[PDB]
Structures are given as structure tokens and as C-alpha cells.
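build me a structure from this.
(chains A, B, C, D, E, F, G and H, ligands or ions: 12)
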Amino acid sequence: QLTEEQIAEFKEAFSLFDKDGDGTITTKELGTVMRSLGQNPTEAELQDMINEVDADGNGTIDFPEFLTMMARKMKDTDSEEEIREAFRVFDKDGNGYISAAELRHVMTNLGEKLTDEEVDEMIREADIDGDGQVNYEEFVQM
Amino acid sequence: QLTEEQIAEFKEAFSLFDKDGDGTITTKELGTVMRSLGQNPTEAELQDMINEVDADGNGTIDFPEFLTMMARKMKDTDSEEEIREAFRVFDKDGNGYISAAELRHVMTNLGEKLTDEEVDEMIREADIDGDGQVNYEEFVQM
Amino acid sequence: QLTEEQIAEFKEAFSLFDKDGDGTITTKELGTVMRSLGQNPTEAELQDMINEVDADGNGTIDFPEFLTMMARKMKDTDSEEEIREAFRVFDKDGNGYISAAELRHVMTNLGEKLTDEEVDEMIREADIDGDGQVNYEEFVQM
Amino acid sequence: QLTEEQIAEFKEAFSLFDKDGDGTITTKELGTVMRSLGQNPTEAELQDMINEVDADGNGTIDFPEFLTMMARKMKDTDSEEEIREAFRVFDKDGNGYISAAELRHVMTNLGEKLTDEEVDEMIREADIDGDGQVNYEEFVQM
Amino acid sequence: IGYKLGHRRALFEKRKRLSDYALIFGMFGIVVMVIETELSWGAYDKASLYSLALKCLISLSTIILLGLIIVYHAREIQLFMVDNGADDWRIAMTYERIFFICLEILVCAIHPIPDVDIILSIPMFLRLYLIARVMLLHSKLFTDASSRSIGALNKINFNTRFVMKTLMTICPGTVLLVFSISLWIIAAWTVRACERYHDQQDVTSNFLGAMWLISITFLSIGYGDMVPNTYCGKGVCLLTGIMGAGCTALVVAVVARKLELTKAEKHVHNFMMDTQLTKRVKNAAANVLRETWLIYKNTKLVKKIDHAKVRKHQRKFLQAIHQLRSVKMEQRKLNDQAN
Amino acid sequence: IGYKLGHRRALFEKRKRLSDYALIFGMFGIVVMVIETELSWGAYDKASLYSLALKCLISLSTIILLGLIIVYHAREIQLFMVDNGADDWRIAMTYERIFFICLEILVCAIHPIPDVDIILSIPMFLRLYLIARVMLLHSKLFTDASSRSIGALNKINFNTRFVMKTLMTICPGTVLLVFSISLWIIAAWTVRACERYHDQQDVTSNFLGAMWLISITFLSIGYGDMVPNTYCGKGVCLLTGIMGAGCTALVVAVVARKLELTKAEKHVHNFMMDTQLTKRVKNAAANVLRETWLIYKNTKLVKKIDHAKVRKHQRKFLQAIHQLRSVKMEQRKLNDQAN
Amino acid sequence: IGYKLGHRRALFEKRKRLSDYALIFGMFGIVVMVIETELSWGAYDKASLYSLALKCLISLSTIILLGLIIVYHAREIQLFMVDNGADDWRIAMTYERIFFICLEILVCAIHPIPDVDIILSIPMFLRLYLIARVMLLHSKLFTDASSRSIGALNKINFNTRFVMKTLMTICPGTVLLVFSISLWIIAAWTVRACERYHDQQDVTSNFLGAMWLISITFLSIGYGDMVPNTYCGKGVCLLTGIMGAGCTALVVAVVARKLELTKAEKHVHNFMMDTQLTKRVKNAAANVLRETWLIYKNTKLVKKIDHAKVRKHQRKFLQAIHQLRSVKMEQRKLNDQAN
Amino acid sequence: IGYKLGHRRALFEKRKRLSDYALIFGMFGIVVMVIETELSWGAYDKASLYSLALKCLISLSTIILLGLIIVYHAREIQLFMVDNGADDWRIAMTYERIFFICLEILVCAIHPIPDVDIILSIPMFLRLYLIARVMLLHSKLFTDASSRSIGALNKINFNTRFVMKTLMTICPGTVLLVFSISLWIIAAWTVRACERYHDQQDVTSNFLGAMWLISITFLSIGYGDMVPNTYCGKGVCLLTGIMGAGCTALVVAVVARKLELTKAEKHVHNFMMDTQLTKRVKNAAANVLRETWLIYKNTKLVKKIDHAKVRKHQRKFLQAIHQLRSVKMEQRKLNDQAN
Ligand SMILES: [Ca+2]
Ligand SMILES: [Ca+2]
Ligand SMILES: [Ca+2]
Ligand SMILES: [Ca+2]
Ligand SMILES: [Ca+2]
Ligand SMILES: [Ca+2]
Ligand SMILES: [Ca+2]
Ligand SMILES: [Ca+2]
Ligand SMILES: [K+]
Ligand SMILES: [K+]
Ligand SMILES: [K+]
Ligand SMILES: [K+]
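Residues are numbered from 1 along each chain as shown, chains lettered A, B, ... in the order given. Ligands and ions are numbered 1, 2, ... in the order given. I have put the structure below:
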């Protein structure tokens, strides 16, 4: 259980993300925090990055909601980064219900290939989204 | 005081700020000088700096009005502008209200360790006005 | 003579020029390709460079049409387009149809120098049909 | 004078900023040749520089006028342009009407500051332009 | 939260002290070896009890260190299992990892066994890599929360090299002075320890006489009065001459950049140079004007004018003309430093 | 079309393979000479059949090399015909080409004939230019079709120097650590091959005694204990100083070029420093305020005015005044690094 | 007000001359020691009255210096009291100040007492810090009003290092030449003062034979002959190698940077090169056109043309083509870079 | 007009030939002095008529040089009177001018009068300043008419500094290679001439024995086998060390700038590196997807699955995870370096 001699660090870390006295994390505050480290993202990208922590949909992040993202501390292993970046590379911008017909082409032409009948089992494993229309879902395997 | 052999230096120093013939210095001269140096200050900052020195409010500073500023020589260890500068860090929304909660927090949470009474007596005393909303005038006892 | 074990570099080069597969290699793709490397040209120059090879006149260069341009392989020291560059250097206004301007002086006073009476023999071919100057045409002998 | 073997140099020097060879130089060509070197003076400054080259006032300069301007041709560092350059430091707002007090102040306060017989002697030999104004014309005696 | 974070920080903290308890018990061995060798070089022989006790204290402090290393590696594997979802200790064993572990044990297992007592003692100056493991753990950049909060946006890596680069950048000069004055007393004991178990006497077998050769070899001078004879000195001279032919340029660059220039205070100096003699062209202008008036005054008046009074003023008039151009050159050149 | 490209590719492949087959039969001729010389230097004499057999293998294997060079040049002329479109082999022979061909044959025709056996042996370290021809044909930059259409809009020439100045940029450091250690065993065999035909002993007649002189001459130290005597050593010690007084100034530049330390992490470091002790202005202000209040509370609100209890606080106030300015100076100075 | 500023200026002026009267009576004590030592080194002995007189003048003139130092410090304290509102000779004595005041008297109190007469005489080359105190007082930057009304808008402090780093900038080269040629006759008298009390001869007891060692050690050459054999030379050589292995990397930068050119005087050169052979492409174009016409005129027009008159033109038509591209490459380079 | 310019050009042309006729009759003296000294050293003595003839040809040919210098100065004065309106030979003789004229005559009027013959001979290597006067007259920049029109709007002065600073820039490297190899045979004859006049027979009495010392002193190596003994070699070694400890740092910059490329050439390389292996993100993604599908297909299906076939694929999955991040780091770094 966390104690009071190791919670001020997290409190001040949260304070860096909220200059004013409100307890709500705003997209404007993230915009101000960014654009000073070097990179300037689109406000749509800000919404995309900010809705990945929000749970109640209010558009603001509380300290308990921010702590579950602070939990993944500095080790840079596994996590939900690669499992989404691989899909983003494979898919297109806003692909959503991708055709997935070229899945065999992507698996064979690029990188090591599997058996011709092996990809049929992988294709048949996407029955969650009806028939076809492969999305970021069905990734509950990992 | 100093004879005419030590007044030409001050005369040319004064003429440095005032290019034109008239012995009146205004916002334009300070703006030109400070922009030539390199910094880019707000016009309101220039108005505040001008209002700091003038004693009649005419908006122009004369040579007798400038001798009191020129009296501030190099004198590295000085105790005139530092007391004024060590107030913006505790400015209360520009007005400089300096509320009791803000003052107590500033005196206790950060700085030098002291007892609760030894850190709250000044706030309890309030020897500036006594009505509340302490302005910048509390430094009169100096 | 070509074989499938070696026809992949041309295909990947074509994919490099044409991002998406739709059969169009028009100004849109070449503009981005050139601007990626710098040296931003005028769109009129893009049209001039894109009509340098064409058979149907549609403004689209197909893979068979692109292969005759890819045939200009290494050992760049050749006799192709150097004549075009020389004519562009020695071009006047928009067509250079003037009566030789100072061609006699150029032939008899530049480099190794030529004969004074040889200018008439050189201009004897002319435009053949009497249409000003060669205009980069009538260069079958050249 | 110099034979034709020493006139092609001057001809090509004239053609350097003549370009089209229309026989007349315009402020457009002067701007084209001047902005290339880096300096960007006002077109009014171009008119001022082009005024003191011709006597007809046609606004264009022929070859003889350019030749008599170039007659300096190095090692001509004398009272030709310095005598005029050492006049803007005491120019009466570009009007050529310097007051006697201003002239006396410039002679006495700044410079050698000669004796009274040589400083107050500005009234001597000041009978040139006895109307009251002192323009650039009195340098004819020099 | 409970088994999330919390326990993780606790395991990290209990791992941290294992790399710190292996520094005392690693430097104690080196200290005892140095003391024992320096005492035995000209004193009690092997039969004395000192050569039996001080040569077993090292053999014990070299067993405790390799006892601690295994536990530290076990804690690292436990952190790997906690951080990355797994429940087997065989998953996290790659060829590289096991090779590095065996190499570490081999390097830390060298110690004289209670002649060859110098051969097995020279390579004990290899436990000096533990300072890196101590330093990468005793740093707030790698041990904080605000650091990771503001550094996760840019996916940088906090290796054992990023900390070193930051320490070089923010505190230069001193990190080179310590490195260049803590290497003399490591590479100058080695030369005498190598030449004393061999052809003796000379002058390299005397401390403060072997700090002269290393100081004139580190520095690229060389004299030739003292040259090593055995292969140990002949091999360490060009290893102290390589690290020192590219370490005397970094410090020179730092000296050149340190307090020999500034950025925001040069504007004041430029303004001062502008208001100085570069704006005293009025002097030359007045000189020219008064000279050209006086020439006319004394050539067209005063009855008959002597040639000397005219030619003196005319010569000084030609003197006072190029001075104006010379000052105007600097006046125009000063504007090139304001870009 | 297809034929006009496939035929050219086939000719290119043949040219490449002939160029590659001349490296084995050129580097086999520099091994047998070394083995034969360093064997005969104190072993089986000329009467032994070895001194004839091994000296005949080199003179035999030097025939295949200059038989291959002519055919490779013939393939080059054929490719010139194909690319340009001429029907005469007399046309494509400029003075420069015919001079270079005979120069190449002369350089590659030097070999000992089955004393002068060192004079005709030292210049055989000249067939090392064939590495350039081998390397410029195995590079995908010069051998591809993707990097020939987009690489032609800039009319860049892919000669034998562009590849070298690209392999000096994308893989630096290693191209110097190979060049600095493949030249020692070329310029240290030469010294002992030159100082044995005329002189003898002189310390520098052993390989490990001649890799010391070159190492302290390459490095700009110089000692003076061993210096060459013949002109061969006295010239190679200078050709190893010229190449090496400007090669140690490149590796230092390369190793210091890592002072850039990226640009996406210096922003994070600057943010860390901004949130660090450069935000103790609050602490300094609190100190100033409390030390101002205490003086009044101690002198006016006390029955007895104690000098020792007021001057202490006042001098500490003077101490606290300048800390605020000293920290605001760094606060202002940190901003220009963000410009 | 007027009285305050005038009194402050008067106090400053009467404080200025104390550090100037402490320079004459400090540099007079370094001349008499040199004269007395280099006279007694082979002349009138201790029994002579000279060794009692000239050794007493120094011990007398060392009283005035430490008498003036106290008064100068008292003037500084008076200025501090006038500046900061306080009426007490105490308070202003901070812990650092009371130590820096005593260190100066300790350093300036060293003098031979009327062998150890060299031990107590070598460290008298420490009163050379007074030059800095004089120079920071005889600078118009620190003593004016324009560069205090306009120099305070950037909050810059005119300490004793800003003046030095400004003199190094506005007058470089000379500040290094004076420093590097006024140190030889300070570090070459020390060597012969150290090597005569213990050793003798060795051509290191002659001044012109000791300005050779420092010159070939400062430059980092070293020869091997004439090397010091005592602990004083063996240390001063190192202290003149360190200061000199990083002082020859600054003057080289200055000589390479000494105003090669600027934009104003390079735009003209760029225009010159643009109008020069970078614009003779007309020559190559005319060559190509004349050649391609002559080919036809000599092939078709001739009733029976020969090969020697048709390929002679072609083999230089191939020469006249790549020249155009070779000049256009330079044209593109000039038009792209060095604008 | 035409006359006012044609006459000036006529005087310029008839003046430029005097500084050219003063070069042959200046270098002929040096050649004859060298030949006469080298002949007299060990051959026909003073009694031979050669020592009276060749020592008189120099004394005769030194008359024409100082006769031509006066006429050249007269032409300069005539030009200075033509261009500026004045008619007097007394005006324009400033203090500097007459001093420079007498200094020139003094320097150019030293020759061995027909021992002291080596004292009065080594300062004859001072007529080498005439090369500058010839070069500033045979330059198109200072003599053409295309300049002075584009070169006058920038007020640039065409003195003897601008030509040198342009020749150092447009043709670097060669201006140092013809300066560092034309100084050896000037500074190595001087040492020989200085040490053959002191009855010395050291090793450095042969030319090839004195081109070794200068080559290992110019180069900052030093051995100590041969060191000069007189006060001439001691000092010319110093003046060849000073000029040469700051001349080897100027050619390294040039070679480093030549071992690089331009932006229009690096754009293609950046594009190639972008399209190269840094596009294996697709490969890594396919590898990760294949591995994560095999894990499920192997552990859930096929009756009962052994642990080995699961842990192998999971370990390879952990291997494949971090390659994607490692290549994304290079992607970001390349994007940052692209601008
Ligand atoms: Ca908020
Ligand atoms: Ca929420
Ligand atoms: Ca005004
Ligand atoms: Ca006022
Ligand atoms: Ca397309
Ligand atoms: Ca088409
Ligand atoms: Ca025109
Ligand atoms: Ca006109
Ligand atoms: K060196
Ligand atoms: K050296
Ligand atoms: K040496
Ligand atoms: K040596």
C-alpha cells in the first residue's frame, strides 16, 4: 500500500499537468504542455490521445484516472503501445472496418510467411465483428 | 556638489536617451532604446516603468527627475529594487491581495523551517493596515 | 530477353514514383516527388518534363512508356539531351527564329573558330520548309 | 586615345548591367544589379545616386557619360566624393540651410577646436551665399 | 493500488542496496591487495603470518561479492517477471543474458590464491565498472515520477549512457579532471608492478618517478630518458597515449567556450562600440572642413603667401581625407555583427 | 527495350566477375613473397628447391593477372560501344586512356625474377588499388535501378569517390579503425625489410620491436631510443607521420560529434532543469520576507534592544538578498538556449 | 542627491590610488630580490655590506605594502557602509570576507629575512595579482555613467572577469602574445634558481640555456637532452606544459579566423566568379554546334571521305560534350550555395 | 576622357615592368651567392680567379636593382601627382613614405663585399618580398575593367591583403603545399651555412642530414639524435617550429571540408536511407502478428500442447517486440535530421 512519504511525488507530477487549481485535466492544458517539447500535434490527435484514459466520458481526467496510466512506470516493455502501433502500421488512416482481403499478402510478401491454409484459421478468428470487417477488436487474445 | 568637469558625463548620458532637442523623454524613446538593445517589452510595461520614477504625473522625466535614478550607481549589493522584485512571486491575481491562506502557505510550505506560531505571527499581526487585503504598502517599515 | 528473376527493380521504382495504384503518374505525383528533394520548379516546367515521353497524349505515362526512359541507365556521358541543353543555351526569346543573330561571330570567334563562308552552308538546311529556324527540329542529321 | 584593343573592356563593363543592350540604362536595371550584391536601398536613393551622372537630365545614361564617370578608374581617392560625403553629418535636415550657430557649434565643440582667432573666424570668408542660407554650392572655390 | 505499484517500488528499493553492498566488498579487496603487495615488497617473506592472513581476507571478500551478485541478478529477474506478464523463470533467459552473467562472474572471480601473484593481481582493476551500476541507481532522473511523466511523450531511453551524456553536458570540465587525475595512480602503479617482477632498478620502479613518465606520455612530449623495458610498460604507454591524445582537445574546447563569450551581454558592448569613436566621425569632418577653409584663407589673403604655410595645410588635408574613409569602413563593418 | 537492357546487364555481370577474379590472383602474389622472404631470412638457402619453386609460383601467377586485365579493359570498351553507339574500336582511345592502361600494366608487372630481391619486392604493395575496383562494383548505390531514376534529377555522378565519401559518413569510425590498423603491418614489415639488406640488429630487426617505433611515430610522441638508419626507414617514418598527424584530428572530431546528444531529448532535459532548483525563487522570497519580519519583531516588539539578536538577522538578510538575483540570472540565461 | 553622489565619487577616487600606490611598492620588491640574488651568485659575499643593505630594503619596503592594504580594505568597508544603510564597523565582516582579508596579508608577507633564501624567495612571484586590481579600476567600462545608465537594463555585473573576457574579445592575439612572452622570463629564472641550490652545471644554470628548455617544452616537442634533474624543474616543466598545450590551440583559431572576409566583400567575389568562366558555356555550345555541323559537312558533302577525317572529329566531339556538363555542375553549385 | 585615362594607363603599364625587371636581377644574385658558397666549400680557394669573379658579378648586379627601385618609386610618385590635382615633388612625401623607401634600399643593398662572408650572406633571403609586388600587379582583379564597377558599390579596397585572402580561398591547399615545401630548402641551407662556419663536423653538415631535422621539427615529433649546437640552428629550429605548429592545423580543416558533400547531393542519400531498411516496420509488424497468432494456435488447439513449443514462440515474441521500437527511433531521428 502506498504511503504519504511517496505520494507527494505523484501529486506534484499531476500538478505539472494542471497549472491552475482545478482538479480537471483539460485538452487546453495538454496543448500548453505540448508545443514546448518540440512537436506540434493536431487537436484531433489531442482528442485521440486524451480519450484513451477517460472512462466516464466527461472529457476530464481525475487523479485516480491518471494514476492507472502512471502505474506503467519506466520499463518500456510490452504494454498497449506495440499492440496498437502494429495495427496502425498494418491498417490505414481511419481504416476501421478494413477489407482484410490483403491480409495474406501482408503476411507473406512482408516478413516471414506461414502455411497457405494457416491464414484461414486466423481469418476465421474474427467472428466477433460479424463476418469480416476486421478492426482493432478481437485483440483480447493477448 | 561635483563641479562642471563631472557634469558633462551626466549631461551626455541624459542626451543618450533623448535624441531630439527637447528635454522631454517619453514612451517612444524608451521603446526605441530597449528595442535597439534587443528585448521586446509590452507598452504597459513601459508605462509602469515611467510611472515608477515621475513625481508629477506629466508623463515626462526631466534631468532633476533623472538625477535620482542616476544616483543609483553600480553598487552591486543593493537593497532598493530587490524588495520590489520579491513580490510578483506572491502577487494575488495581479491585484496583490496577498490573502491569509496564500501568505501562510507561502511562509510555511516553502522557505525556512519555523514553528507554527513563529510562521503565522506576521499574518496574525497584520501590522500594515489591519483591514485586510494587504497591498504592496506593507514594506513601509523599512 | 528479360526474365522474372530480374524484373522487380523496375516495378519497385514505379511504385516509388506512383504511391497508389491507379494508372496516373500526372503532375500530382511528380510535384511531390520533386519537392521532397527540393528545387521547387514551376508547374509549366512540370508539364514540359512530363510531356517529354508520351504516346497517347493523355498525360499519363505507363510502365511500357516509362521503360524507354529507364533505358537511359548509368554511364551518363552520352549524346542524349545534351543537344537539347545546347539549343536551350543558344535559344532566343521563345523560339530563337531570328536570322542567326550572331551565329557567324559565334562560329568564327568562339573555340577553334570556323570559316566565314561556312555559315551560309550551315544555315543552308535551315527549317527546310522555311519556318524560321530549326527550333530543335531538323536535327535528324545532328 | 586608347585603341580598340583597350575599348572592349569598357564595352563589356558597360554591358554588365546593360543586359538587353537597348542603349539606355533604367532604374529597373540598376535595382536588378544592386539588389544582387545584397544592399537594398530605397528607389529614392537610386534617383539620388543617378542624378549626379548626367547633364542633360533625360533620365538615361549613354556611353560617354558612363565613361566620364568611370574616368576615375581606381587611385582617384581625392576631393571628388569625400568632399560631398563629409556634408551629411552637418546637413540641415537635408535642406542646405545650416544655421550659423549650428555651424559654429560643429566647428568648435566637435573637431580640433582651434583657438579663438581660428574658431570665431567662421564669420570670415562666410560672405559666400550672403542671402543667409549655406547650401552645397560654396565648394566651387575649392 | 495494492500489488500494483507499491510492492514494485519496494522490490526496486530492496534491489538497489544489493548493488551498493557490492561496492564496499569490491573496493576492500583492491585496497587489501595494494597494501599487501606494497608491504611485502621489501619486508617479511611468505613464511610470515601476514602473507597468510591478508591473502585470505581478500579470498573471503571475493566470495561474498559473488554471493551478492547472484542475488542481485535474481532480483532483476523478479522485476522482469513482475513488469512483464509471465509466470516462468525460464522465459527470461536469452543467450546474451546468460553470457553476460557468466562473464561478470568470471571477471569478478579473479583474486590471488593463498611470480604469478602479480599476474593474478594486475587484472583486479576491473571491478571499477560497479561505479556505473551505483551511479545509474543514485540519480533522480532515473528515480522519480515527474521525470517519467514529462519524458514519456518523447520515447527516449534511460540507458547507462544517457545519464553519462547528461552529466558530461551539465557538469563538464570536472568530469574530465577527475577522470584524468584518477587514472595516473592507476596506470603508474601498474608500470612499477610490472617492472618490479622483472629486470629491476632503473627509475620506473620508484613511485613519483613513474608519475613523470606517464605525465610526459599522457602529454604528447616524450623525452627518452625514461622508457619502459618490459612489455607491460611498453604496452600501457600507448594505452595512456591514446586516452590523452583525444582527451586534451575536449578540455581545450570547454576552456574556449567557458566564460570567454556570452550571448545577451554582447548587445551592451556593441552599443558601446557604436557610441564610441565609431560615432566620432564628427572629429574628422570638422578637421576636413576647417583645413579646406584655412587653405583658401591663407592662399587668397595675407598679401603674399609663403609656400610652406600652404603646402603644410594641403599635406595634412590629404592626410585627413583617408581617415574619414577608414572610420567609415569600421562603421559599416560593425553592422555585420548585428545580424 | 528488353534486349537492349538485358544484353547490357549481361555484359555488366561479365565485367564484374572478371574484375573480381583479379583480386584472388593479386592477393595470392603478395602472400607468397612474404612467406618466401620471411622463410629465407634464416632458413633453407637458394640451393634448396623451395627458393626456386616458391619464386616460380609468383612469376607464374603474375601472368594470369595481366591476362585478365586486358580482357577486363576489352569488356569496358565493349560497354563503351554499347552505351554510346559507335562501330569502331579506334574511335574510343583517347591519350589519357592509352596512358592509364600502360601505367596499370607497368604497376602490376613488378615481381621478383627467378640484394635486388627486396628492391623488386617492396613495390609489390601497390596492387592494393584493386580493392577500390572490387568495392565500387558491389555497392547497391551503383548497382541498382531504384537509385537511378530519382537519383538522376540531381545529375549526381556515381564515381569512385562518392561511394567513399558516403562510407565515410554513414559508417565512420570503423573506416578509420580499419585504416589505422591495416597500415601498421604494412609499414612495419617494410622497415625491417629495408634495414636487413644493408644494416643488421639495431633493435629494429624484430617485428614487435618495429611495431613500437611506428606506434610512437604515428602517435606524435617520438622517443629517440630507436631511430631508423637507412633511407628506407628514414622515409617511411615520415610517410607514417604525415598520414597520422592529420588522421588523429578526425577521430577526435568524430568522438566529440556525439556532443549533439540528439534534439528531442534536450527539450526534455531543459524542461527538467526549468522545473529543478531554478524554481527556488519562492524559497528565496520566503527567506527574504521572514528575515524582514523577524528584524522588526525582534527590535520593536521587545523591551530590550539586543544588538547581537538584530545584527545577526540583518547580515543574514544581506546574505539572502543576492541569492534571489543570482538565481534570476540563471533563470534569464536559460531562455536563450531555447532559441 | 548631489551631495550623496559627489561624496561617493570622492570616496571612490581616494580609494582608487591606494591600489596604485601598492603596485609600485610591490613591484619594487621583486626587482631588488632578483638583483641581489643574481649578484650574490658569484660576487660580493655575505660579509659585504651589500648583502645586509639590499636585503633590508626589501624587508623595509614590505611594510608599506601591508600598511596600504589595510587602508584600502578600510576604504572598501567605508564604501559598503555608505552604500547599504547601516552604522557599524561590524556586520559587514562576513565569514568569507574575514578569510580573504587574511589570505592577502599571508601571501604578501613572504620575504627573505635579513639555503632558505631561495625557498623564501621563489614564492614572491605571487604579488602579480595586483595587476588585475589595477586594471579593473583603470577601465572606462567600470568607471563611467553612460555604461551604467544603459548597462543596467540587462542586469549584467561588471566584475573582474567581464573586463578580461571583453579585452580577450576586442583585442585578441596581443593579450596572448604578451601572456606567452612574459611567462618565459618568469618560468626560466625559476628553473635556474632551483637547480643551483642543489645541483650545478648541466647547461641549466645559464639563462640562454634555460630559455631553450622552456621553448621546446612549451611547444610540446621535447628532445631528450637538457632535462631537469631536480624536483623543481620536474614540476615547473609540467606546469609550463599544461599551460601551453591548450594555449597554442587558441592563437591558431585566431589566425585562421582573422577576418577572412564578410558578406559585403564576398558578394563582389561571387559576382566576379559568376561573370567568369562559370558563364563561358557559350564556348562549349559553339564547339558542339560547329563539330556536329562539320561531321555532316565532311561525311556527306565530300564525294569520297576518309576515316581519318571523320573519326578525328568524332573522338573530340565526345570530348566537347562532357565539358558542358562539367561546367554546368559548377554553375549549379555556385547558384545554389554561397549565395 | 580618353586622354586623361589613356595617359594614366600608359604610366601604369610602363611602371608594372620595373617591378618585373627587378625580380630577375634580384634572384640572380641569390643564385650566384648560393653557387659561389657551395663551390668555395671544399674546392677552389680565394687565390682562384673564380672567388674574385663570381663575388664581383653579385656586387655589379646589385647596382641595377637599387637603380631600378628608385625609378619605380619615381613612377609611383608621378602617378600620385597625376591622379590627385597637384604639381610638386615636395608635397606627398609623408613621414612614413621616406622611411619605407630608405628601409627598402637598406634591405635590398646587402651583399658580400669583394668569416664575415656567411654573416653577410644569410640575410640575402630577404629579397623574397618582391614576389608580392609582382603578384599584386599580375592579378586580373586589380588590373581589369570589369571590376571597379561591381566592386565599387561595396567600397572594398584592393590592397595586397585582399588578393592574398582571395587566393587562399579560391585555390586552398596548393598555396600551403607550395609554401611548406619551398621553405625546407631555405631553412635547411641556413642551418648548414651557420654550422659550417664554426669549425664543426657534426652529422648535420650534409643536406640530406639537415632535411631530416627540419622535417622532424616542423612536424612536432623531435627525437634528439641530432640537435643544433650553435645559436643559429638554435633559433631557426624555433622559427620553423612556430611556423608549423599552426600550419598543420590549417590543412586538416581543408581535408575535412573536402571529405564531405553538399545539400543537393545529400538529399538523394537521405531519400535512399528513408526508403531503405528503415522501412522494415512492415516486416516487424508482420513478425509480431505472425508470432501472436502462432502462440494461440499452438497453445489452445492441437489436443495437448507441450510447454516448450509455447515458451519458444513467446520468447521470440518478446524478441520481436522491441525491434519495432528500435526502428521507430531511427525513423524519428532521420526525420529530425532531415531538417
Ligand atoms: Ca485544469
Ligand atoms: Ca474521466
Ligand atoms: Ca524627446
Ligand atoms: Ca515627471
Ligand atoms: Ca497515381
Ligand atoms: Ca502516355
Ligand atoms: Ca539597358
Ligand atoms: Ca544623360
Ligand atoms: K602534438
Ligand atoms: K611531441
Ligand atoms: K620527443
Ligand atoms: K626525445
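
which other helices and strands contact the one helix or strand residue E:311 maps to?
Per DSSP states H and E: residue E:311 is located in helix E:307-334. Contacts defined by 3 or more Cβ pairs under 8 Å, 6 or more residues apart in numbering or on different chains; DSSP states H and E place helix E:307-334 against helix D:82-85, helix E:266-275, helix E:281-299. Where C-beta positions appear, they are placed from N, C-alpha and C, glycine not excepted.

quick check: buried residues in that helix?
Residues of helix E:307-334 classed as buried: E:311, E:313-315, E:317-318, E:320-321, E:324, E:327-328 (neighbour count, 16 or more other Cβ atoms under 10 Å in any protein chain shown).

how far is it from where the chain is centred?
Chain-centre distance of helix E:307-334: 55 Å, with Cα atoms, centre = their mean, to the nearest Å.

next, the angle from that helix to helix E:266-275.
In terms of direction (axes from the mean of the first three to the mean of the last three Cα atoms, to 10 degrees), helix E:307-334 departs from helix E:266-275 by 160 degrees.

work out which residue lies at the spatial centre of chain E.
With distances taken as Cα atoms, centre = their mean, residue E:176 lies nearest the centre of chain E, 2.2 Å away.

which SS state does the nearest residue to that one once chain neighbours are set aside fall under?
Spatially, and ignoring its direct neighbours in sequence, residue E:176 is nearest to residue E:251 (5.4 Å; Cβ to Cβ, 6 or more residues apart in numbering or on different chains). The three-state assignment at residue E:251 reads helix, by DSSP: H, G, I helix; E, B strand; the rest coil.

try the one 3 residues further on
Secondary structure state of residue E:254, per three-state DSSP, is helix.

that one reaches residue E:172, doesn't it?
Yes: the criterion here is Cβ atoms under 8 Å, and residue E:254 meets it with residue E:172 at 5.1 Å.

who's more crowded, these two?
residue E:172 (17 against 14; other Cβ atoms under 10 Å in any protein chain shown).

how much space between the more buried one and ligand 1?
To ligand 1, residue E:172 is 40 Å away according to Cβ to the ion, to the nearest Å.

what do you get for residue E:206?
Residue E:206 is 71 Å from ligand 1, by Cβ to the ion.

excluding sequence neighbours, find me the nearest residue to that residue.
For residue E:206, the spatially nearest residue (Cβ to Cβ, 6+ apart) is residue E:192, at 7.3 Å.

CA atoms of the helix or strand containing the one you found as PDB?
In this assignment (DSSP H and E), residue E:192 forms part of helix E:189-195. Taking C-alpha atoms only, helix E:189-195 is exported to PDB below (Å, rounded to 0.1, in the frame of the first residue of the first chain):
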ATOM      1  CA  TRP E 189      51.300   1.700 -10.100                       C
ATOM      2  CA  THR E 190      50.800  -0.800 -12.900                       C
ATOM      3  CA  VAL E 191      54.100   0.100 -14.600                       C
ATOM      4  CA  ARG E 192      56.200  -0.400 -11.500                       C
ATOM      5  CA  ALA E 193      54.300  -3.500 -10.500                       C
ATOM      6  CA  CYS E 194      55.100  -4.900 -13.900                       C
ATOM      7  CA  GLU E 195      58.800  -3.800 -14.000                       C
END
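
would you tell me what the next helix or strand after that helix is?
helix E:210-218.

what is that following helix packed up against?
Checking 3+ Cβ pairs under 8 Å, 6+ apart, helix E:210-218 ends up next to helix E:184-187, helix E:189-195, helix E:231-240, helix G:233-242.

repeat that for 7 Å
helix E:184-187, helix E:231-240 (3 or more Cβ pairs under 7 Å, 6 or more residues apart in numbering or on different chains; DSSP states H and E).

pick the most deeply packed of the ones you listed.
Mean neighbours per residue, mean count of other Cβ atoms under 10 Å in any protein chain shown, is largest over the helices and strands packed on helix E:210-218 for helix E:231-240, with a mean of 18.

give me the residues contacting it.
For helix E:231-240, the external contacting residues (Cβ atoms under 7 Å, 6 or more residues apart in numbering or on different chains) are E:187, E:190-191, E:194-195, E:204, E:214, E:217-218, E:228, F:212, F:215, F:219.

make a markdown table out of those residues and add distance to residue E:128.
Compiled in a markdown table, those are given as follows (distance: Cβ to Cβ, whole Å):
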| residue | distance to residue E:128 |
| --- | --- |
| E:187 | 13 |
| E:190 | 13 |
| E:191 | 18 |
| E:194 | 19 |
| E:195 | 23 |
| E:204 | 24 |
| E:214 | 18 |
| E:217 | 21 |
| E:218 | 19 |
| E:228 | 23 |
| F:212 | 28 |
| F:215 | 26 |
| F:219 | 25 |
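
just the buried ones out of those residues, please.
Buried, going by 16+ other Cβ under 10 Å: E:187, E:190-191, E:194-195, E:204, E:214, E:217-218, E:228, F:212, F:215, F:219, out of the contacts of helix E:231-240.

among these, which pair sits farthest apart?
Greatest spacing in the buried ones among the contacts of helix E:231-240, by Cβ to Cβ: E:195 and F:219 (21.4 Å).
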